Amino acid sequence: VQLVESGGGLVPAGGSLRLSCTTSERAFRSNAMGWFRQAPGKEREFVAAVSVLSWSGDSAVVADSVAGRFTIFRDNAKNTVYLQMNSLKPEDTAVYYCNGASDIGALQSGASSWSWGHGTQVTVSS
């Protein structure tokens, strides 16, 4: 899968970050790509996902908890999916993880096409 997750940092509240998730071409093209997050001792939660491109187009979903602040987009040339996080709040602190599944609904349901990576740590300071 050649999974690489990066972009996390220590950032003050109200600031922004962009996370990146890169995989092999086949893994990226075969899957709806999703961002998740998990704070230590809490549940992993769905953040955002973007479908593969079909002839009819595509679809993307951002969870209610981050709608209006986070956006997600694919760069198919780079096999990379990005999470743009604006107006960060301390409640956004977590390790953010990238995974894939057959469609967005499957990602929301907990399915994953590869074992979870190390993630990228996002710490939102005062």
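In this text, residue numbers run from 1 along the sequence as written.
Remark: stretch with higher mean C-alpha B factor among 32-40 and 61-69 is 61-69.
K89: CA B factor lies in the highest third for its chain, per the PDB record. Sort the modelled residues of the chain by CA B factor and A111 lands in the highest third.
Ranked against the other modelled residues of its chain, the C-alpha B-factor of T23 as given in the entry falls in the lowest third.
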